[PDB]
Amino acid sequence: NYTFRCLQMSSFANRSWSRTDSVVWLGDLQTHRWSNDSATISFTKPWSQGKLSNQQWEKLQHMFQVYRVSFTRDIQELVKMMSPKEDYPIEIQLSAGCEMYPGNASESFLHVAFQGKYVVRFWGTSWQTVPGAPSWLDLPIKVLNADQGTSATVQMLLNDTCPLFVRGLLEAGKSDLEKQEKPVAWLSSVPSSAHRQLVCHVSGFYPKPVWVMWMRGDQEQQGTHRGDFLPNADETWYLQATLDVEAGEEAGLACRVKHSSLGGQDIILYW
Amino acid sequence: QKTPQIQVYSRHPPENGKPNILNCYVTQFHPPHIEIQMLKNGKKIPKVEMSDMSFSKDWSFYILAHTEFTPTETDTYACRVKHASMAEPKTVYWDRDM
Amino acid sequence: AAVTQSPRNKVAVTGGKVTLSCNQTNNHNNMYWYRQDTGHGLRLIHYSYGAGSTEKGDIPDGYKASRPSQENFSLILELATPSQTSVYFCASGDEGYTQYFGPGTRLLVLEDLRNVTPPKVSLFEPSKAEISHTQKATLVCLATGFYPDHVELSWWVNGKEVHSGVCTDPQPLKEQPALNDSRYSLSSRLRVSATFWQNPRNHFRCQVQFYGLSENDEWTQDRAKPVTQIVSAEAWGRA
Amino acid sequence: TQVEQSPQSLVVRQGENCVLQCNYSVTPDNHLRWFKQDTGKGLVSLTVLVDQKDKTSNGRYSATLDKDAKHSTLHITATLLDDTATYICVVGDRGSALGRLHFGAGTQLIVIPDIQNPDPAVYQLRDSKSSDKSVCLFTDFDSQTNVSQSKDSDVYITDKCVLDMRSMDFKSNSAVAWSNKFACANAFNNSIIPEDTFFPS
Ligand SMILES: CCCCCCCCCCCCCCCCCCCCCCCCCC(=O)N[C@@H](CO[C@H]1O[C@H](CO)[C@H](OCc2ccc(C(C)(C)C)cc2)[C@H](O)[C@H]1O)[C@H](O)[C@H](O)CCCCCCCCCCCCCC
Ligand SMILES: *[C@@H]1O[C@H](CO[C@@H]2O[C@@H](C)[C@@H](O)[C@@H](O)[C@@H]2O)[C@@H](O[C@@H]2O[C@H](CO)[C@@H](O)[C@H](O)[C@H]2NC(C)=O)[C@H](O)[C@H]1NC(C)=O
Ligand SMILES: *[C@@H]1O[C@H](CO)[C@@H](O[C@@H]2O[C@H](CO)[C@@H](O)[C@H](O)[C@H]2NC(C)=O)[C@H](O)[C@H]1NC(C)=O
Ligand SMILES: *[C@@H]1O[C@H](CO)[C@@H](O)[C@H](O)[C@H]1NC(C)=O
Ligand code: NA
Ligand code: NA
Ligand code: NA
């Protein structure tokens, strides 16, 4: 199952100044970038056009080019309309795309956040507010839902274009999507409010699923704390696993790493 | 206005004298306007590469800075961030042991 | 969904204050002011998304907008200039794209009011030669000596306005085309059947609404103040 | 401008068809409206076109829109005198109140009325109050005839003007002449008037 996510972030500093920047993800791989400074959407993979013909891509891009300009003016007009309820600066984020399931099934979504809070989605044939959203948004929703042309275009974009485009991406991008990159590990230590803290560093692995445990022989140390997954710049992952121990208790300890890329040959590092 | 988390880590196992890549991962901030610098001995490294800014499930922003570096016994490396959520710039030093 | 404008016609002097009003009983949030000048499409001056909101359009300079209520949207010319001589259109709408336009307001801004003069109106009765030759009867109305050219000429039979059988000159003509501020003349015809003209219960009236000075306007000349007024001339049918 | 109309003006005879053009660069183009504006009057909507390739009709008016070419035409079938007007193309850039309207500058149509049964004549009419004052009425000439402005500075002559007696289905041209000086025999000497013009007395 892969989630395709188009992420738009728009800053409005005052009546005149604004910028809109977009990134596109298929799972955890970036497929597109669209900087405010650029007239055109940039591919960040050789296969970013999917299975769309040049004419189909050109047509899709043109729709987005009109959208970006139109969006910018509409927000500025909605601010005037709700004035002085809402003032600049304003941040609007959109998260749109589809999740792909087996058997040619998918679900599409278009979620909108205002000043960092999810307030609005497109659902069915119209815009709606979601639970918790402020009441003033009822007027913008009324205005947005008057635009039958936008509703018809968005319906087609979510229902048809997104899944068709993404199915093509999954075919074209298969060998990047299914890449296996091996982790490399190393050990280190620091003090921690006392006691020592051993660190097992694991870096360069893809895809994300990984297993890392501190161990004495065959005894999995239950005090092992996995950190967050941190990205490397080359579309691999970094993770560290810590263990709090007593000074002089380090002997016997090892760090074991399981990953799909190692083909059963685990990494074992003895302190 | 959420306050930025800063995590500094090397791409490869660090070895004094060996070229490597240093990453600075800034997360959980908003609004998205931010200044990120990577420092060698408190001096701004030139030609630092930035990823495109993105955001998470929870709508908070994140971005990855990275730069080539050669660790040594003597030289200090840090990532310094200015963001409206903070009165002063925050500096997080690279510690190879962490 | 109806929209009205007042005044419908205004003669003003440079430096004076002019207010154009638009009223709208549709409970529309949104109202819009435009001007129409020959050689251009309508151009947006100011608009409003509700009471208290005013927003600059494409050509706001020299105009102030005011939206005191849902019903009323005003365009205020604080210091009127000749460049603001135009036809002004107000419109209203709800969340939908349709703008419902008012009937328009004609504004003329003169440099000076010294030459403003109301018309004399005369009604000329049908020739008996026409009646015997055609079994039709043409009345002619003549408005003369007026300045500027902001007049509306209409025909009334027994207290009700008539349009059928009418034609009014598209433009007033200048009485002294050599002179800078020539006075104007305008003619209109009303043609009816001979039997209609011959019926002595038929009362015919030609009316000219003249637009000139207001009550508020200063007047320093000896002659009567040439205010906005109706001048008319009438005749009864007869055998 | 982003909305251009062609022709700028045209003259047609009653009963003829004509076609008016609108070309625009407005983006996006949600809908296109045609207005009719009679002299000194307001805007009367004739049709609105909304589809990528659209066709509409409204009596003798029909219209097309091609959003790919950014082009619209308005067709008037069998023109009548009352079609004399300015015809205005407007493009709305949104399907909601967030839209701006982009107005073309308009096309002026003049329709020359068809005078079936001419009977050119010059009549004298007397003032209702002071019978010493009069005007001369040149009437019932066909649209071939042109009325020329005045020779003397003290003599006034109006342009021709068609009236329409609707209940009788009857139209007639006329022009008016008067002077502070002057007889109706001599009033329209500066005009090429028909030979069979009736001068009574
Ligand atoms: C999303 C899935 C995409 C997957 C495939 C593509 C993947 C490839 C990489 C893509 C990279 C792009 C990155 C961007 C990512 C984020 C994008 C997600 C947002 C998508 C929204 C797309 C909206 C498209 C439409 C648009 O631009 N509307 C805009 C232009 O509309 C005008 O032009 C159109 C021309 O297509 C139509 O006119 C043509 C028309 C007329 C009639 C008809 C009929 C069939 C009915 C006769 C049809 C057509 C319209 O009617 C006309 O009004 C319109 O201005 C919208 O309002 C823009 C904003 C929409 C989003 C609003 C979000 C909600 C914000 C809430 C804010 C509240 C804050 C208040 C303070
Ligand atoms: C597009 O599909 C929707 C229903 O799908 C949901 O909403 C989409 C925008 C997308 O997010 C999907 O993944 C969702 O599952 C259709 O909406 C229905 O339309 C009918 C009549 O048009 C209406 O009676 C239903 O109530 C709608 N369903 C809901 C949940 O509101 C829509 O018609 C489809 N449009 C086209 C053009 O295919
Ligand atoms: C983001 O991109 C938009 C669109 O290109 C920029 O808006 C344009 O800015 C230029 C230069 O200031 C103006 O001449 C144009 O009128 C603007 N275009 C439109 C369509 O309005 C905007 O300035 C960019 N934002 C930033 C902060 O650079
Ligand atoms: C609007 O915001 C920008 C960016 O914050 C700022 O630099 C600029 O001074 C502002 N412009 C105006 C006209 O106020
Ligand atoms: Na006045
Ligand atoms: Na104009
Ligand atoms: Na006659």
# chains A, B, ... in the order shown; residues from 1 in each chain; ligands from 1
$ residues_around --residues "residue 77 (chain B)" --least-positions-apart "2" --cutoff "6 Å" --atoms "only C-alpha atoms" --output "list in words"
residues 39, 40, 93 and 94 of chain B
$ write_last_selection --atoms "C-alpha atoms" --output "compact mmCIF listing (two decimals), in the first residue's frame"
# COMPACT_ATOMS: atom_id res chain seq x y z
CA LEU B 39 28.81 26.11 11.68
CA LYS B 40 32.45 25.01 11.78
CA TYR B 93 26.56 20.98 18.63
CA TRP B 94 27.50 17.78 16.86
$ residues_around --residues "residue 98 (chain C)" --least-positions-apart "5" --cutoff "8 Å" --atoms "only C-alpha atoms" --output "JSON, numbers by chain"
{"C": [93], "D": [96, 97]}
$ write_last_selection --atoms "N, CA and C atoms" --output "short mmCIF file (atom, residue, chain, number, x, y, z; two decimals), in the first residue's frame"
data_model
loop_
_atom_site.label_atom_id
_atom_site.label_comp_id
_atom_site.auth_asym_id
_atom_site.auth_seq_id
_atom_site.Cartn_x
_atom_site.Cartn_y
_atom_site.Cartn_z
N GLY C 93 -24.74 41.10 -5.76
CA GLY C 93 -24.83 39.66 -5.91
C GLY C 93 -24.61 38.93 -4.59
N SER D 96 -17.99 31.97 -9.07
CA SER D 96 -18.46 32.46 -7.78
C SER D 96 -18.20 33.96 -7.67
N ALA D 97 -18.63 34.55 -6.55
CA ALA D 97 -18.52 35.97 -6.26
C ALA D 97 -17.05 36.42 -6.09
#
$ closest_atom_pairs --of "chain C" --to "chain D" --cutoff "7 Å" --atoms "only C-alpha atoms" --output "Markdown table"
| residue | atom | partner | partner_atom | distance |
| --- | --- | --- | --- | --- |
| C:39 | CA | D:105 | CA | 5.7 |
| C:40 | CA | D:105 | CA | 4.6 |
| C:41 | CA | D:105 | CA | 4.1 |
| C:42 | CA | D:103 | CA | 5.8 |
| C:94 | CA | D:97 | CA | 6.8 |
| C:95 | CA | D:97 | CA | 5.0 |
| C:96 | CA | D:96 | CA | 4.6 |
| C:97 | CA | D:96 | CA | 4.1 |
| C:103 | CA | D:42 | CA | 4.9 |
| C:104 | CA | D:42 | CA | 6.2 |
| C:122 | CA | D:127 | CA | 6.5 |
| C:123 | CA | D:128 | CA | 5.7 |
| C:124 | CA | D:127 | CA | 4.4 |
| C:125 | CA | D:125 | CA | 5.7 |
| C:126 | CA | D:125 | CA | 5.8 |
| C:127 | CA | D:125 | CA | 5.3 |
| C:129 | CA | D:200 | CA | 6.6 |
| C:130 | CA | D:123 | CA | 6.7 |
| C:164 | CA | D:165 | CA | 5.3 |
| C:165 | CA | D:165 | CA | 4.2 |
| C:166 | CA | D:163 | CA | 5.4 |
| C:167 | CA | D:163 | CA | 4.9 |
| C:169 | CA | D:161 | CA | 6.5 |
| C:235 | CA | D:128 | CA | 6.4 |
$ write_last_selection --atoms "C-alpha atoms" --output "compact mmCIF listing (two decimals), in the first residue's frame"
# COMPACT_ATOMS: atom_id res chain seq x y z
CA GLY C 39 -14.04 53.19 -26.04
CA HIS C 40 -13.72 51.19 -22.79
CA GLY C 41 -15.56 48.33 -21.15
CA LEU C 42 -17.07 48.88 -17.69
CA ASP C 94 -24.69 36.75 -3.46
CA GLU C 95 -22.07 33.94 -3.40
CA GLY C 96 -22.92 33.12 -7.11
CA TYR C 97 -21.06 34.77 -10.00
CA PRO C 103 -29.94 51.21 -14.53
CA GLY C 104 -26.96 53.60 -14.45
CA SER C 122 -43.17 74.38 -27.25
CA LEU C 123 -45.66 71.85 -28.68
CA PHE C 124 -46.58 72.08 -32.38
CA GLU C 125 -49.98 70.69 -33.38
CA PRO C 126 -50.55 68.42 -36.43
CA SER C 127 -51.07 69.97 -39.87
CA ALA C 129 -52.70 68.75 -44.66
CA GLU C 130 -50.98 65.76 -43.03
CA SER C 164 -45.37 53.96 -29.45
CA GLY C 165 -45.19 56.41 -32.37
CA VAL C 166 -42.45 58.45 -30.67
CA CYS C 167 -39.01 59.37 -31.82
CA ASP C 169 -33.45 63.18 -31.78
CA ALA C 235 -52.63 70.59 -26.08
$ closest_residue --among "D:26, D:81, D:19, D:10" --to "chain A" --atoms "only C-alpha atoms"
D:26
$ residues_around --residues "residue 106 (chain C)" --least-positions-apart "5" --cutoff "12 Å" --atoms "only C-alpha atoms" --output "list in words"
residues 5, 6, 7, 8, 9, 10, 11, 12, 20, 35, 36, 37, 84, 85, 86, 87, 88, 89, 149, 150, 151, 152 and 211 of chain C; 40, 41 and 42 of chain D
$ closest_atom_pairs --of "chain A" --to "ligand 2" --cutoff "8 Å" --atoms "only C-alpha atoms and all ligand atoms" --output "Markdown table"
| residue | atom | partner | partner_atom_place_in_ligand_line | distance |
| --- | --- | --- | --- | --- |
| A:98 | CA | ligand 2 | 13 (O) | 7.5 |
| A:106 | CA | ligand 2 | 13 (O) | 7.0 |
| A:107 | CA | ligand 2 | 13 (O) | 4.0 |
| A:108 | CA | ligand 2 | 13 (O) | 3.7 |
| A:109 | CA | ligand 2 | 11 (O) | 4.6 |
| A:110 | CA | ligand 2 | 11 (O) | 6.9 |
| A:122 | CA | ligand 2 | 9 (C) | 5.9 |
| A:123 | CA | ligand 2 | 7 (O) | 4.4 |
| A:124 | CA | ligand 2 | 31 (O) | 3.3 |
| A:125 | CA | ligand 2 | 17 (O) | 5.2 |
| A:126 | CA | ligand 2 | 31 (O) | 7.6 |
| A:152 | CA | ligand 2 | 37 (C) | 6.3 |
| A:154 | CA | ligand 2 | 9 (C) | 7.4 |
| A:155 | CA | ligand 2 | 35 (N) | 4.9 |
| A:156 | CA | ligand 2 | 37 (C) | 5.4 |
| A:158 | CA | ligand 2 | 10 (C) | 5.7 |
| A:159 | CA | ligand 2 | 1 (C) | 5.0 |
| A:160 | CA | ligand 2 | 38 (O) | 7.2 |
$ residues_near_ligand --ligand "ligand 3" --cutoff "9 Å" --atoms "only C-alpha atoms and all ligand atoms" --output "PyMOL selection string"
chain A and resi 11+16-21+35-39+68-70+72-73
$ atom_distance --atom1 "CA of residue 13 (chain B)" --atom2 "CA of residue 251 (chain A)"
21.4 Å
$ closest_residue --among "A:240, A:189, A:128, A:48" --to "chain B" --atoms "only C-alpha atoms"
A:189
$ closest_residue --among "C:32, C:63, C:155, C:146" --to "residue 99 (chain C)" --atoms "only C-alpha atoms"
C:32
$ atom_distance --atom1 "atom 23 (C, counted along the ligand's line) of ligand 1" --atom2 "CA of residue 99 (chain A)"
19.3 Å
$ interface_residues --of "chain A" --to "chain C" --cutoff "9 Å" --atoms "only C-alpha atoms" --output "list in words"
residues 80, 81, 82, 83, 84, 139, 142, 143, 144, 145, 146 and 147 of chain A
